[PDB]
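A lone chain, given as structure tokens: the form deposited in one PDB entry.
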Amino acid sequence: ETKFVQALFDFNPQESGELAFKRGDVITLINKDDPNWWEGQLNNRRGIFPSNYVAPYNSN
């Protein structure tokens, strides 16, 4: 499963652990270890972030 989410805001994490995504950026959800903080993969990069800052596109 693939899960794709669309961010609604840019996220510039300077630190490690947080994924770097932008607005409307289709991120491939890696996991949901945290109901608030979801992990996602942006092409290749992994990272965690408040899913609140996005919206499942999943594409379907």
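Quick note: we count residues from 1 along the sequence shown, nothing fancier.
Below, we turn to the form solved in complex with a partner chain, even though it does not appear here.
Proximity of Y53 to its partner chain in the entry with it bound falls within the 4.5 Å heavy atom cutoff.
Proximity of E18 to its partner chain in the entry with it bound falls within the 4.5 Å heavy atom cutoff.
Remark: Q14 counts among the residues lining its partner chain in the entry with it bound, judged by a heavy atom distance of 4.5 Å or less.
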